[PDB]
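Colleague: File entry.tsv below, TSV, N, CA, C and O atoms:
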chain	number	residue	atom	x	y	z
Z	1286	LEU	N	-11.67	-4.56	-28.71
Z	1286	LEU	CA	-12.29	-5.84	-28.36
Z	1286	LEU	C	-12.58	-6.66	-29.61
Z	1286	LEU	O	-12.36	-7.88	-29.63
Z	1287	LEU	N	-13.08	-6.01	-30.66
Z	1287	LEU	CA	-13.34	-6.70	-31.92
Z	1287	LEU	C	-12.06	-7.27	-32.50
Z	1287	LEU	O	-12.04	-8.40	-33.00
Z	1288	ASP	N	-10.97	-6.50	-32.45
Z	1288	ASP	CA	-9.70	-6.98	-32.97
Z	1288	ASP	C	-9.22	-8.19	-32.18
Z	1288	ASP	O	-8.75	-9.19	-32.75
Z	1289	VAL	N	-9.32	-8.12	-30.85
Z	1289	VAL	CA	-8.91	-9.25	-30.01
Z	1289	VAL	C	-9.74	-10.48	-30.35
Z	1289	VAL	O	-9.21	-11.59	-30.46
Z	1290	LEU	N	-11.05	-10.30	-30.52
Z	1290	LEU	CA	-11.91	-11.42	-30.87
Z	1290	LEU	C	-11.52	-12.02	-32.21
Z	1290	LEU	O	-11.46	-13.25	-32.36
Z	1291	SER	N	-11.26	-11.17	-33.20
Z	1291	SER	CA	-11.04	-11.66	-34.55
Z	1291	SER	C	-9.70	-12.36	-34.69
Z	1291	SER	O	-9.61	-13.44	-35.28
Z	1292	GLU	N	-8.63	-11.78	-34.13
Z	1292	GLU	CA	-7.29	-12.30	-34.34
Z	1292	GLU	C	-6.68	-12.97	-33.12
Z	1292	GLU	O	-5.73	-13.74	-33.27
Z	1293	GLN	N	-7.19	-12.70	-31.91
Z	1293	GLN	CA	-6.58	-13.21	-30.69
Z	1293	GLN	C	-7.58	-13.95	-29.81
Z	1293	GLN	O	-7.44	-13.94	-28.58
Z	1294	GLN	N	-8.58	-14.59	-30.41
Z	1294	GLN	CA	-9.54	-15.37	-29.64
Z	1294	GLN	C	-8.85	-16.41	-28.76
Z	1294	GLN	O	-9.06	-16.46	-27.55
Z	1295	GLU	N	-8.00	-17.24	-29.37
Z	1295	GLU	CA	-7.38	-18.34	-28.63
Z	1295	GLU	C	-6.56	-17.83	-27.46
Z	1295	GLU	O	-6.49	-18.50	-26.42
Z	1296	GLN	N	-5.94	-16.66	-27.59
Z	1296	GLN	CA	-4.99	-16.19	-26.60
Z	1296	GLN	C	-5.64	-15.90	-25.25
Z	1296	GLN	O	-4.92	-15.74	-24.26
Z	1297	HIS	N	-6.97	-15.83	-25.19
Z	1297	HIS	CA	-7.68	-15.71	-23.92
Z	1297	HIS	C	-8.73	-16.80	-23.76
Z	1297	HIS	O	-9.70	-16.62	-23.02
Z	1298	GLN	N	-8.55	-17.93	-24.45
Z	1298	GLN	CA	-9.49	-19.04	-24.29
Z	1298	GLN	C	-9.58	-19.49	-22.84
Z	1298	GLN	O	-10.61	-20.03	-22.42
Z	1299	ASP	N	-8.51	-19.29	-22.07
Z	1299	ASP	CA	-8.58	-19.58	-20.64
Z	1299	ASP	C	-9.79	-18.91	-20.00
Z	1299	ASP	O	-10.52	-19.54	-19.22
Z	1300	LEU	N	-10.02	-17.64	-20.32
Z	1300	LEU	CA	-11.19	-16.96	-19.78
Z	1300	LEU	C	-12.47	-17.60	-20.28
Z	1300	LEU	O	-13.44	-17.74	-19.52
Z	1301	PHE	N	-12.49	-18.01	-21.54
Z	1301	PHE	CA	-13.73	-18.49	-22.15
Z	1301	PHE	C	-14.11	-19.88	-21.66
Z	1301	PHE	O	-15.29	-20.15	-21.43
Z	1302	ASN	N	-13.14	-20.77	-21.49
Z	1302	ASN	CA	-13.41	-22.10	-20.98
Z	1302	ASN	C	-13.63	-22.09	-19.47
Z	1302	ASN	O	-13.88	-23.15	-18.89
Z	1303	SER	N	-13.56	-20.92	-18.84
Z	1303	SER	CA	-13.79	-20.82	-17.40
Z	1303	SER	C	-15.23	-21.18	-17.08
Z	1303	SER	O	-16.15	-20.43	-17.40
Z	1304	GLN	N	-15.42	-22.34	-16.44
Z	1304	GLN	CA	-16.77	-22.79	-16.12
Z	1304	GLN	C	-17.50	-21.77	-15.27
Z	1304	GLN	O	-18.74	-21.71	-15.29
Z	1305	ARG	N	-16.76	-20.96	-14.52
Z	1305	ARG	CA	-17.37	-19.95	-13.67
Z	1305	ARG	C	-18.00	-18.81	-14.46
Z	1305	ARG	O	-18.87	-18.11	-13.93
Z	1306	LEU	N	-17.60	-18.62	-15.71
Z	1306	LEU	CA	-18.02	-17.48	-16.52
Z	1306	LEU	C	-18.99	-17.92	-17.59
Z	1306	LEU	O	-18.70	-18.83	-18.38
Z	1307	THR	N	-20.16	-17.28	-17.63
Z	1307	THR	CA	-21.05	-17.43	-18.76
Z	1307	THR	C	-20.50	-16.66	-19.96
Z	1307	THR	O	-19.56	-15.87	-19.84
Z	1308	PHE	N	-21.10	-16.90	-21.12
Z	1308	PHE	CA	-20.57	-16.33	-22.34
Z	1308	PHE	C	-20.57	-14.80	-22.27
Z	1308	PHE	O	-19.57	-14.16	-22.61
Z	1309	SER	N	-21.67	-14.22	-21.79
Z	1309	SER	CA	-21.71	-12.77	-21.59
Z	1309	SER	C	-20.74	-12.34	-20.50
Z	1309	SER	O	-20.07	-11.31	-20.62
Z	1310	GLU	N	-20.67	-13.10	-19.40
Z	1310	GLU	CA	-19.69	-12.79	-18.37
Z	1310	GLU	C	-18.27	-12.93	-18.90
Z	1310	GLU	O	-17.39	-12.13	-18.55
Z	1311	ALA	N	-18.02	-13.94	-19.72
Z	1311	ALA	CA	-16.69	-14.08	-20.33
Z	1311	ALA	C	-16.37	-12.86	-21.18
Z	1311	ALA	O	-15.25	-12.33	-21.13
Z	1312	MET	N	-17.34	-12.41	-21.98
Z	1312	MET	CA	-17.13	-11.21	-22.79
Z	1312	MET	C	-16.85	-10.00	-21.91
Z	1312	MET	O	-15.95	-9.20	-22.20
Z	1313	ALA	N	-17.62	-9.84	-20.84
Z	1313	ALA	CA	-17.43	-8.71	-19.94
Z	1313	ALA	C	-16.05	-8.74	-19.31
Z	1313	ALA	O	-15.37	-7.71	-19.23
Z	1314	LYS	N	-15.62	-9.91	-18.86
Z	1314	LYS	CA	-14.31	-10.02	-18.23
Z	1314	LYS	C	-13.20	-9.74	-19.23
Z	1314	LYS	O	-12.20	-9.08	-18.90
Z	1315	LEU	N	-13.34	-10.22	-20.47
Z	1315	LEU	CA	-12.35	-9.87	-21.49
Z	1315	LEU	C	-12.31	-8.37	-21.71
Z	1315	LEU	O	-11.23	-7.77	-21.80
Z	1316	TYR	N	-13.48	-7.74	-21.80
Z	1316	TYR	CA	-13.54	-6.29	-21.93
Z	1316	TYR	C	-12.89	-5.59	-20.75
Z	1316	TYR	O	-12.35	-4.49	-20.90
Z	1317	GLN	N	-12.94	-6.21	-19.57
Z	1317	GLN	CA	-12.20	-5.69	-18.43
Z	1317	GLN	C	-10.70	-5.85	-18.61
Z	1317	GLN	O	-9.93	-4.97	-18.22
Z	1318	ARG	N	-10.26	-6.98	-19.19
Z	1318	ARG	CA	-8.84	-7.26	-19.26
Z	1318	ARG	C	-8.14	-6.28	-20.20
Z	1318	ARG	O	-7.28	-5.50	-19.78
Z	1319	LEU	N	-8.51	-6.31	-21.48
Z	1319	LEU	CA	-8.11	-5.25	-22.38
Z	1319	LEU	C	-8.96	-4.01	-22.12
Z	1319	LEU	O	-10.06	-4.10	-21.58
Z	1320	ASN	N	-8.43	-2.86	-22.51
Z	1320	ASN	CA	-9.11	-1.58	-22.31
Z	1320	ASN	C	-9.58	-1.46	-20.85
Z	1320	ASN	O	-10.77	-1.29	-20.59
Z	1321	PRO	N	-8.66	-1.56	-19.88
Z	1321	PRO	CA	-9.07	-1.58	-18.47
Z	1321	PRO	C	-9.53	-0.24	-17.93
Z	1321	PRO	O	-9.87	-0.16	-16.75
Z	1322	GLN	N	-9.54	0.81	-18.74
Z	1322	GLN	CA	-10.08	2.09	-18.29
Z	1322	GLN	C	-11.60	2.06	-18.19
Z	1322	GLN	O	-12.17	2.86	-17.44
Z	1323	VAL	N	-12.25	1.16	-18.92
Z	1323	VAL	CA	-13.69	0.94	-18.76
Z	1323	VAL	C	-14.01	0.04	-17.58
Z	1323	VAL	O	-15.18	-0.31	-17.38
Z	1324	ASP	N	-13.00	-0.36	-16.80
Z	1324	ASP	CA	-13.21	-1.37	-15.78
Z	1324	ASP	C	-14.38	-0.99	-14.89
Z	1324	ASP	O	-14.41	0.08	-14.28
Z	1325	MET	N	-15.36	-1.89	-14.82
Z	1325	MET	CA	-16.60	-1.63	-14.11
Z	1325	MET	C	-17.24	-2.97	-13.79
Z	1325	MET	O	-17.42	-3.80	-14.69
Z	1326	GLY	N	-17.59	-3.17	-12.52
Z	1326	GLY	CA	-18.17	-4.43	-12.10
Z	1326	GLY	C	-19.32	-4.26	-11.14
Z	1326	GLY	O	-19.89	-5.25	-10.66
Z	1327	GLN	N	-19.68	-3.01	-10.84
Z	1327	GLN	CA	-20.84	-2.79	-9.98
Z	1327	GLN	C	-22.14	-3.05	-10.73
Z	1327	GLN	O	-23.08	-3.63	-10.16
Z	1328	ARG	N	-22.22	-2.64	-11.99
Z	1328	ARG	CA	-23.23	-3.20	-12.87
Z	1328	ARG	C	-22.74	-4.56	-13.34
Z	1328	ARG	O	-21.61	-4.70	-13.82
Z	1329	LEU	N	-23.59	-5.57	-13.21
Z	1329	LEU	CA	-23.11	-6.95	-13.21
Z	1329	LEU	C	-22.42	-7.28	-14.53
Z	1329	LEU	O	-22.84	-6.80	-15.59
Z	1330	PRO	N	-21.35	-8.08	-14.51
Z	1330	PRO	CA	-20.67	-8.43	-15.77
Z	1330	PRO	C	-21.59	-9.07	-16.78
Z	1330	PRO	O	-21.40	-8.90	-17.99
Z	1331	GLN	N	-22.59	-9.82	-16.33
Z	1331	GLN	CA	-23.56	-10.40	-17.25
Z	1331	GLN	C	-24.24	-9.31	-18.07
Z	1331	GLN	O	-24.33	-9.41	-19.30
Z	1332	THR	N	-24.71	-8.25	-17.40
Z	1332	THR	CA	-25.43	-7.20	-18.09
Z	1332	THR	C	-24.54	-6.43	-19.06
Z	1332	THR	O	-24.95	-6.09	-20.17
Z	1333	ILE	N	-23.30	-6.12	-18.64
Z	1333	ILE	CA	-22.41	-5.39	-19.53
Z	1333	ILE	C	-22.04	-6.24	-20.73
Z	1333	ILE	O	-21.96	-5.73	-21.86
Z	1334	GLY	N	-21.82	-7.54	-20.53
Z	1334	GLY	CA	-21.60	-8.42	-21.67
Z	1334	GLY	C	-22.80	-8.47	-22.61
Z	1334	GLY	O	-22.65	-8.45	-23.83
L	1286	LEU	N	-27.69	-13.86	12.17
L	1286	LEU	CA	-26.24	-13.82	12.25
L	1286	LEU	C	-25.78	-13.55	13.68
L	1286	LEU	O	-24.81	-14.15	14.15
L	1287	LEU	N	-26.45	-12.63	14.36
L	1287	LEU	CA	-26.12	-12.33	15.75
L	1287	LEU	C	-26.30	-13.56	16.63
L	1287	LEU	O	-25.45	-13.87	17.47
L	1288	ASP	N	-27.40	-14.29	16.43
L	1288	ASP	CA	-27.63	-15.49	17.22
L	1288	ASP	C	-26.56	-16.55	16.94
L	1288	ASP	O	-26.04	-17.17	17.88
L	1289	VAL	N	-26.22	-16.75	15.67
L	1289	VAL	CA	-25.18	-17.71	15.33
L	1289	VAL	C	-23.86	-17.30	15.96
L	1289	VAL	O	-23.15	-18.12	16.56
L	1290	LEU	N	-23.50	-16.02	15.82
L	1290	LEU	CA	-22.33	-15.48	16.48
L	1290	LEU	C	-22.34	-15.78	17.96
L	1290	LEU	O	-21.29	-16.09	18.54
L	1291	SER	N	-23.50	-15.68	18.59
L	1291	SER	CA	-23.61	-15.98	20.01
L	1291	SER	C	-23.30	-17.44	20.28
L	1291	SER	O	-22.57	-17.76	21.23
L	1292	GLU	N	-23.82	-18.35	19.46
L	1292	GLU	CA	-23.87	-19.76	19.85
L	1292	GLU	C	-23.42	-20.79	18.81
L	1292	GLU	O	-23.34	-21.97	19.17
L	1293	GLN	N	-23.13	-20.41	17.56
L	1293	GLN	CA	-22.82	-21.43	16.57
L	1293	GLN	C	-21.66	-21.13	15.64
L	1293	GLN	O	-21.36	-21.97	14.78
L	1294	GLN	N	-21.00	-19.98	15.75
L	1294	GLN	CA	-19.79	-19.75	14.97
L	1294	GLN	C	-18.83	-20.93	15.06
L	1294	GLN	O	-18.10	-21.20	14.10
L	1295	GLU	N	-18.83	-21.64	16.19
L	1295	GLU	CA	-17.92	-22.76	16.38
L	1295	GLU	C	-18.16	-23.88	15.38
L	1295	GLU	O	-17.35	-24.81	15.29
L	1296	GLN	N	-19.31	-23.88	14.70
L	1296	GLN	CA	-19.48	-24.72	13.53
L	1296	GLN	C	-18.90	-24.10	12.26
L	1296	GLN	O	-18.72	-24.81	11.27
L	1297	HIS	N	-18.61	-22.80	12.27
L	1297	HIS	CA	-18.23	-22.07	11.08
L	1297	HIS	C	-16.75	-21.70	11.05
L	1297	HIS	O	-16.31	-20.98	10.15
L	1298	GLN	N	-15.98	-22.20	12.02
L	1298	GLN	CA	-14.56	-21.88	12.08
L	1298	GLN	C	-13.87	-22.15	10.76
L	1298	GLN	O	-13.03	-21.37	10.32
L	1299	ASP	N	-14.25	-23.25	10.10
L	1299	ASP	CA	-13.71	-23.58	8.79
L	1299	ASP	C	-13.65	-22.35	7.91
L	1299	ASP	O	-12.62	-22.07	7.28
L	1300	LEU	N	-14.74	-21.60	7.84
L	1300	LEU	CA	-14.71	-20.32	7.15
L	1300	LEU	C	-13.76	-19.36	7.83
L	1300	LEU	O	-12.97	-18.67	7.17
L	1301	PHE	N	-13.82	-19.30	9.16
L	1301	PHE	CA	-13.02	-18.32	9.90
L	1301	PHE	C	-11.53	-18.58	9.73
L	1301	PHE	O	-10.76	-17.66	9.44
L	1302	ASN	N	-11.11	-19.82	9.90
L	1302	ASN	CA	-9.71	-20.17	10.05
L	1302	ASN	C	-8.98	-20.31	8.73
L	1302	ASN	O	-7.90	-20.91	8.70
L	1303	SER	N	-9.52	-19.77	7.65
L	1303	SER	CA	-8.95	-19.96	6.32
L	1303	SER	C	-8.08	-18.77	5.96
L	1303	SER	O	-8.55	-17.63	5.95
L	1304	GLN	N	-6.81	-19.04	5.67
L	1304	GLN	CA	-5.85	-17.98	5.33
L	1304	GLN	C	-6.22	-17.25	4.06
L	1304	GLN	O	-5.70	-16.16	3.81
L	1305	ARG	N	-7.10	-17.83	3.25
L	1305	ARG	CA	-7.53	-17.20	2.01
L	1305	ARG	C	-8.03	-15.78	2.23
L	1305	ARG	O	-7.76	-14.90	1.40
L	1306	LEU	N	-8.73	-15.53	3.33
L	1306	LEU	CA	-9.52	-14.31	3.48
L	1306	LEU	C	-9.29	-13.71	4.86
L	1306	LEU	O	-8.79	-14.36	5.77
L	1307	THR	N	-9.65	-12.43	4.98
L	1307	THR	CA	-9.46	-11.69	6.22
L	1307	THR	C	-10.72	-11.74	7.08
L	1307	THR	O	-11.78	-12.23	6.68
L	1308	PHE	N	-10.58	-11.19	8.29
L	1308	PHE	CA	-11.63	-11.31	9.30
L	1308	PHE	C	-12.94	-10.69	8.82
L	1308	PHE	O	-14.01	-11.29	8.97
L	1309	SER	N	-12.87	-9.48	8.26
L	1309	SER	CA	-14.08	-8.87	7.72
L	1309	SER	C	-14.61	-9.66	6.54
L	1309	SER	O	-15.83	-9.82	6.38
L	1310	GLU	N	-13.72	-10.15	5.68
L	1310	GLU	CA	-14.15	-11.04	4.62
L	1310	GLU	C	-14.80	-12.29	5.19
L	1310	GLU	O	-15.77	-12.81	4.63
L	1311	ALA	N	-14.27	-12.79	6.31
L	1311	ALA	CA	-14.89	-13.94	6.96
L	1311	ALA	C	-16.31	-13.61	7.40
L	1311	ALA	O	-17.23	-14.42	7.20
L	1312	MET	N	-16.51	-12.44	8.00
L	1312	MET	CA	-17.86	-12.04	8.39
L	1312	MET	C	-18.77	-11.93	7.18
L	1312	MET	O	-19.93	-12.37	7.23
L	1313	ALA	N	-18.28	-11.35	6.09
L	1313	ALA	CA	-19.11	-11.21	4.89
L	1313	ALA	C	-19.50	-12.58	4.35
L	1313	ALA	O	-20.65	-12.82	3.98
L	1314	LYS	N	-18.53	-13.50	4.29
L	1314	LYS	CA	-18.79	-14.83	3.76
L	1314	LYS	C	-19.75	-15.59	4.66
L	1314	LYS	O	-20.58	-16.36	4.18
L	1315	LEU	N	-19.64	-15.39	5.97
L	1315	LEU	CA	-20.61	-15.99	6.88
L	1315	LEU	C	-22.00	-15.45	6.63
L	1315	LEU	O	-22.97	-16.20	6.47
L	1316	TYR	N	-22.13	-14.12	6.59
L	1316	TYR	CA	-23.44	-13.51	6.44
L	1316	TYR	C	-24.10	-13.97	5.15
L	1316	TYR	O	-25.30	-14.26	5.13
L	1317	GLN	N	-23.33	-14.04	4.06
L	1317	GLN	CA	-23.88	-14.55	2.81
L	1317	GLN	C	-24.08	-16.05	2.84
L	1317	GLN	O	-24.91	-16.56	2.08
L	1318	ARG	N	-23.35	-16.78	3.69
L	1318	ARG	CA	-23.72	-18.16	3.97
L	1318	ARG	C	-25.06	-18.22	4.68
L	1318	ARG	O	-25.90	-19.08	4.37
L	1319	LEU	N	-25.29	-17.31	5.62
L	1319	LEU	CA	-26.64	-17.05	6.07
L	1319	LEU	C	-27.40	-16.31	4.98
L	1319	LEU	O	-26.82	-15.76	4.04
L	1320	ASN	N	-28.73	-16.32	5.10
L	1320	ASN	CA	-29.61	-15.64	4.16
L	1320	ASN	C	-29.06	-15.79	2.74
L	1320	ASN	O	-28.90	-14.79	2.03
L	1321	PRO	N	-28.77	-17.01	2.30
L	1321	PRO	CA	-28.08	-17.18	1.01
L	1321	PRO	C	-28.81	-16.52	-0.14
L	1321	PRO	O	-28.17	-16.02	-1.07
L	1322	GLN	N	-30.15	-16.51	-0.11
L	1322	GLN	CA	-30.91	-15.87	-1.18
L	1322	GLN	C	-30.49	-14.42	-1.38
L	1322	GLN	O	-30.54	-13.91	-2.51
L	1323	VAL	N	-30.06	-13.75	-0.32
L	1323	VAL	CA	-29.76	-12.32	-0.38
L	1323	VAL	C	-28.43	-12.14	-1.10
L	1323	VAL	O	-27.37	-12.44	-0.55
L	1324	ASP	N	-28.49	-11.64	-2.33
L	1324	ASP	CA	-27.30	-11.18	-3.01
L	1324	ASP	C	-26.92	-9.78	-2.53
L	1324	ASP	O	-27.69	-9.10	-1.85
L	1325	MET	N	-25.72	-9.36	-2.89
L	1325	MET	CA	-25.26	-8.00	-2.65
L	1325	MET	C	-24.96	-7.35	-3.99
L	1325	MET	O	-25.05	-7.99	-5.05
L	1326	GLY	N	-24.60	-6.08	-3.96
L	1326	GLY	CA	-24.32	-5.36	-5.19
L	1326	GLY	C	-22.97	-5.70	-5.78
L	1326	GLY	O	-22.24	-4.82	-6.23
L	1327	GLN	N	-22.63	-7.00	-5.81
L	1327	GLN	CA	-21.38	-7.47	-6.38
L	1327	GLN	C	-20.21	-6.60	-5.92
L	1327	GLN	O	-19.44	-6.10	-6.75
L	1328	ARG	N	-20.07	-6.41	-4.61
L	1328	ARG	CA	-19.01	-5.60	-4.04
L	1328	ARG	C	-18.01	-6.49	-3.34
L	1328	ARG	O	-18.27	-7.66	-3.06
L	1329	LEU	N	-16.85	-5.91	-3.04
L	1329	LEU	CA	-15.80	-6.67	-2.39
L	1329	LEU	C	-16.29	-7.20	-1.04
L	1329	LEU	O	-16.96	-6.47	-0.30
L	1330	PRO	N	-15.99	-8.45	-0.69
L	1330	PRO	CA	-16.34	-8.93	0.65
L	1330	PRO	C	-15.66	-8.13	1.74
L	1330	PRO	O	-16.14	-8.11	2.88
L	1331	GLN	N	-14.53	-7.49	1.43
L	1331	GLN	CA	-13.91	-6.57	2.38
L	1331	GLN	C	-14.88	-5.48	2.80
L	1331	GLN	O	-15.08	-5.23	4.00
L	1332	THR	N	-15.50	-4.82	1.82
L	1332	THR	CA	-16.46	-3.77	2.13
L	1332	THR	C	-17.67	-4.32	2.86
L	1332	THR	O	-18.18	-3.69	3.80
L	1333	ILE	N	-18.16	-5.48	2.43
L	1333	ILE	CA	-19.33	-6.07	3.08
L	1333	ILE	C	-19.02	-6.37	4.54
L	1333	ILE	O	-19.86	-6.15	5.43
L	1334	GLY	N	-17.83	-6.89	4.81
L	1334	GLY	CA	-17.44	-7.16	6.19
L	1334	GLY	C	-17.32	-5.89	7.00
L	1334	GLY	O	-17.80	-5.82	8.13
Could the structure of this file be written out as structure tokens, please?

Modeller:
Amino acid sequence: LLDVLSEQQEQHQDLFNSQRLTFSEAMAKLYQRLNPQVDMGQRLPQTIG
Amino acid sequence: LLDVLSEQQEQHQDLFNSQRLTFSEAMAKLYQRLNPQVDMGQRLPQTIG
């Protein structure tokens, strides 16, 4: 996730500019996209972010 | 919800008649349209229905 943030921020800006997603929710959803073995949404994306 | 089902679903067909979602999803979306304050455990509307 750190590597994606540092070098590939723009490549998922679609997720970040998503008005539906808060910054923590955007982070949580990105963490869901890459490394999908941690995929978890029953604990709210806001909290995981 | 039972009372609305008895007598007012005919105002809610818009939700019902939408190809976006299935019948159980329609029920879930109706119920959450009712009692809007009541959130759920961020689960699929399929399961809620």

Colleague: Return the neighbours of chain Z among the residues of chain L, cut-off 8 Å, counting all atoms listed in the file, as a PDB file with N, CA, C and O atoms, keeping the file's coordinate frame.

Modeller:
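Final file, part.pdb:
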ATOM      1  N   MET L1325     -25.720  -9.360  -2.890  1.00  0.00           N
ATOM      2  CA  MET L1325     -25.260  -8.000  -2.650  1.00  0.00           C
ATOM      3  C   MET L1325     -24.960  -7.350  -3.990  1.00  0.00           C
ATOM      4  O   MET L1325     -25.050  -7.990  -5.050  1.00  0.00           O
ATOM      5  N   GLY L1326     -24.600  -6.080  -3.960  1.00  0.00           N
ATOM      6  CA  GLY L1326     -24.320  -5.360  -5.190  1.00  0.00           C
ATOM      7  C   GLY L1326     -22.970  -5.700  -5.780  1.00  0.00           C
ATOM      8  O   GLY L1326     -22.240  -4.820  -6.230  1.00  0.00           O
ATOM      9  N   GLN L1327     -22.630  -7.000  -5.810  1.00  0.00           N
ATOM     10  CA  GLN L1327     -21.380  -7.470  -6.380  1.00  0.00           C
ATOM     11  C   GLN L1327     -20.210  -6.600  -5.920  1.00  0.00           C
ATOM     12  O   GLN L1327     -19.440  -6.100  -6.750  1.00  0.00           O
ATOM     13  N   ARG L1328     -20.070  -6.410  -4.610  1.00  0.00           N
ATOM     14  CA  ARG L1328     -19.010  -5.600  -4.040  1.00  0.00           C
ATOM     15  C   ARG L1328     -18.010  -6.490  -3.340  1.00  0.00           C
ATOM     16  O   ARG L1328     -18.270  -7.660  -3.060  1.00  0.00           O
TER      17      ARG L1328
END

Colleague: Over all C-alpha pairs taken in order, what is the RMSD once chain Z has been least-squares superposed onto chain L?

Modeller: 1.2 Å

Colleague: What is the distance between atom O of residue Z:1291 and atom N of residue Z:1324, in Å to one decimal?

Modeller: 22.9 Å

Colleague: Pick the closest to residue L:1308 from L:1286, L:1293, L:1322, L:1333: which is it, counting only C-alpha atoms?

Modeller: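 Of the candidates, the smallest distance to residue L:1308 is held by L:1333.
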
Colleague: Z:1294, Z:1300, Z:1334, Z:1289: which is nearest residue Z:1313, counting only N, CA, C and O atoms?

Modeller: Z:1334

Colleague: If DSSP is run on the backbone, what residues of chain L are alpha helix (DSSP H)? A reply as a list in words would be ideal.

Modeller: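 Across chain L, those assigned alpha helix (DSSP H) are residues 1287, 1288, 1289, 1290, 1291, 1292, 1298, 1299, 1300, 1301, 1308, 1309, 1310, 1311, 1312, 1313, 1314, 1315, 1316, 1317, 1318, 1330, 1331, 1332 and 1333 of chain L.
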
Colleague: Box for stretch 1310-1323 of chain Z - axis-aligned, 6 Å on each of the six sides, all listed atoms - centre and size in Å to one decimal, as lines of an AutoDock Vina configuration file.

Modeller:
center_x = -14.0
center_y = -5.6
center_z = -19.8
size_x = 25.4
size_y = 28.9
size_z = 18.0

Colleague: Filtering to N, CA and C atoms, could stretch 1307-1322 of chain Z of the supplied structure be written out as a CSV table (one decimal), in the first residue's frame?

Modeller:
chain,number,residue,atom,x,y,z
Z,1307,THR,N,-15.0,9.0,1.6
Z,1307,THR,CA,-14.2,9.8,2.4
Z,1307,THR,C,-12.7,9.4,2.3
Z,1308,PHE,N,-11.8,10.2,2.9
Z,1308,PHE,CA,-10.4,10.0,2.7
Z,1308,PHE,C,-10.0,8.6,3.3
Z,1309,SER,N,-10.5,8.4,4.5
Z,1309,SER,CA,-10.3,7.1,5.2
Z,1309,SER,C,-11.0,6.0,4.4
Z,1310,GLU,N,-12.2,6.2,3.9
Z,1310,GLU,CA,-12.9,5.2,3.1
Z,1310,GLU,C,-12.1,5.0,1.8
Z,1311,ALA,N,-11.6,6.1,1.2
Z,1311,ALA,CA,-10.8,5.9,0.0
Z,1311,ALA,C,-9.6,5.0,0.3
Z,1312,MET,N,-8.9,5.3,1.4
Z,1312,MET,CA,-7.8,4.5,1.8
Z,1312,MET,C,-8.2,3.0,1.9
Z,1313,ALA,N,-9.3,2.8,2.6
Z,1313,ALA,CA,-9.8,1.4,2.9
Z,1313,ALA,C,-10.1,0.7,1.6
Z,1314,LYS,N,-10.8,1.4,0.7
Z,1314,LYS,CA,-11.1,0.8,-0.6
Z,1314,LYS,C,-9.9,0.5,-1.4
Z,1315,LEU,N,-8.9,1.4,-1.4
Z,1315,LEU,CA,-7.6,1.1,-2.1
Z,1315,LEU,C,-7.0,-0.2,-1.5
Z,1316,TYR,N,-6.9,-0.2,-0.2
Z,1316,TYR,CA,-6.4,-1.4,0.5
Z,1316,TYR,C,-7.2,-2.7,0.1
Z,1317,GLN,N,-8.4,-2.5,-0.2
Z,1317,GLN,CA,-9.2,-3.7,-0.7
Z,1317,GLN,C,-8.8,-4.0,-2.1
Z,1318,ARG,N,-8.5,-3.0,-2.9
Z,1318,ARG,CA,-8.2,-3.3,-4.4
Z,1318,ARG,C,-6.9,-4.0,-4.5
Z,1319,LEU,N,-5.8,-3.4,-4.1
Z,1319,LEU,CA,-4.5,-4.2,-4.0
Z,1319,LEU,C,-4.6,-5.0,-2.7
Z,1320,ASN,N,-3.8,-6.0,-2.6
Z,1320,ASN,CA,-3.7,-7.0,-1.5
Z,1320,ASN,C,-5.2,-7.4,-1.1
Z,1321,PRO,N,-5.9,-8.0,-2.1
Z,1321,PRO,CA,-7.3,-8.3,-1.8
Z,1321,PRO,C,-7.5,-9.5,-0.9
Z,1322,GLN,N,-6.5,-10.1,-0.4
Z,1322,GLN,CA,-6.6,-11.2,0.6
Z,1322,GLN,C,-7.0,-10.6,2.0
